[PDB]
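Worksheet for the structure shown next.
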Amino acid sequence: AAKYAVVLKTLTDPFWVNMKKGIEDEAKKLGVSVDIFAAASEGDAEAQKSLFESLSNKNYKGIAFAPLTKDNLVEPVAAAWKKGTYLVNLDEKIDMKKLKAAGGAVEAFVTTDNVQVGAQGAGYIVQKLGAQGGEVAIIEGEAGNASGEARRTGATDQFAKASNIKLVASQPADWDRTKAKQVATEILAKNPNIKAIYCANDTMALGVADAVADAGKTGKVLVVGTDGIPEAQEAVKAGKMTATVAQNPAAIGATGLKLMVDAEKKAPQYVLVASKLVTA
């Protein structure tokens, strides 16, 4: 029988499918039975909460979970912690203040570090530009967004380590493809010698690629996105983008399972899973 359960988000896009496959592969490697649940109703906080609650009568030793919101799983996670269940928070961090106030905790949090995501995108640009270096830009998300600001910070800090890389622009395009095209055109007009643009998500990077194409500069300006959405993966294969920085949901799920298995053989353990560069 399964000592371990995982509650994912709805299996309607490749990220959660790939996390499920990574858990299954890790379960094979570790030789353990694991039950993997997701709600059929996508974007549905209470459905996921109810799904989690339905596991209370089963006897899982460990449950890993990727909450839809920071709030929606607080009560079932608290009830599980109080029963002695080993708990691993995956992906988005549960509201720890509310979880504590509910008398619960988690033992581990496995996630992607968005600062490292930005540093990874910027670092790839730095490698690609080699000894000559050159001018670069960041196309930011909505200002103040936690993930976008972390990506901006990580890219900015990484660029700042290379003395012959000059950050000539860092500007918000608000997660909008059309706005990112306009902003990239503005940067291209002001900095015609620009060599690379890191973009805090792929939707914006695809608009940046459109601006670069309109300017006749495809291949002459590197364009690096973030998230690895299918259209960006296709753009990378077609040479319309240089790369995109993708999370590794399979490794997040595998790591989550391994933490639970290892627990069976206080601040939670914080495990960061590196993103993967998608290139041609």
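Annotation: of all residues in the stretch 123-166 being under 21 Å from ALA189 (Cβ atoms) and among the charged types (D, E, K, R), the one that is surrounded by the fewest Cβ atoms within 10 Å (Cβ to Cβ) is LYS166. Evaluation of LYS49 against the conditions (1) under 19 Å from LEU11 (Cα atoms); (2) among the basic types (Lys, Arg); (3) in contact with a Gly (Cβ under 8 Å, 6 or more places away or on another chain) shows that the sole unmet condition is (3).
Take the stretch 12-27 and flag every residue that is within 19 Å of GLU231 (Cα to Cα) and of a type in the set (A, V, I, L, M, F, W, C). Within the stretch 12-27, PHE15, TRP16, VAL17 meet the criteria.
Of note, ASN89 satisfies the criterion of being polar (S, T, N, Q), assigned by TED's automatic domain parsing to the domain that holds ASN18 and surrounded by 17 or more Cβ atoms within 10 Å (Cβ to Cβ). If you go through the stretch 58-76 and pick out every residue that is more than 16 Å from the chain's Cα centre (by Cα) and more than 23 Å from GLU24 (Cβ to Cβ), you end up with 5. With respect to being under 17 Å from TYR86 (Cβ atoms), more than 17 Å from the chain's Cα centre (by Cα) and charged (D, E, K, R), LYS29 falls outside the description. Residue check: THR255 meets all listed conditions (1) in the same structural domain as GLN127 (by TED's automatic domain parsing); (2) hydroxyl-bearing (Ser, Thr, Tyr); (3) closer than 16 Å to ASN18 by Cβ but one, namely (1).
Of the residues making up the stretch 54-68, those that are surrounded by 15 or more Cβ atoms within 10 Å (Cβ to Cβ) and more than 15 Å from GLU92 (Cβ to Cβ) number 5. Go through the stretch 224-241 and count every residue that is surrounded by fewer than 19 Cβ atoms within 10 Å (Cβ to Cβ) and on the phi > 0 side of the Ramachandran plot. The number of residues fulfilling the criteria is 1. Just one residue in the set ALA169, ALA184 is buried (at least 23 other Cβ atoms within 10 Å of the Cβ), touching a strand residue (DSSP E or B) at 6+ places or on another chain (Cβ under 8 Å) and among the aliphatic types (A, V, I, L, M); that residue is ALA184.
Considering each residue of the stretch 1-33, count those that are of a type in the set (A, V, I, L, M, F, W, C) and surrounded by fewer than 17 Cβ atoms within 10 Å (Cβ to Cβ), and give that number.
4
Taking the criterion of being among the polar types (S, T, N, Q) and either surrounded by fewer than 12 Cβ atoms within 10 Å (Cβ to Cβ) or more than 20 Å from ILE36 (Cα to Cα) (or both), the residues of the stretch 254-275 that qualify are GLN269, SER275. In the stretch 164-256, counting only strands (runs of 3 or more DSSP E) that sit wholly within it, the ones holding 3 or more residues that are touching a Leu at 6+ places or on another chain (Cβ under 9 Å) span 194-199, 222-226, 243-246.
Restricted to the stretch 103-133, and to residues that are of a type in the set (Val, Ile, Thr) and in a helix (DSSP H, G or I), which residue is farthest from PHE65 (Cα to Cα)? That would be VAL126. In this entry, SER50 is excluded by the filter for residues that are of a type in the set (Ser, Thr, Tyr) and outside any helix (DSSP H, G or I). With respect to the conditions (1) in a loop (DSSP other than H, G, I, E, B); (2) in contact with a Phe, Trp or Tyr (Cβ under 8 Å, 6 or more places away or on another chain), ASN59 falls short on a single one, namely (2).
What is reported rests on the model, the rules as stated and the sources as named; these are not laboratory values. As a convention, Cβ positions derive from the backbone with ideal geometry for all residues, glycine included, and neighbour counts pool all protein chains shown.
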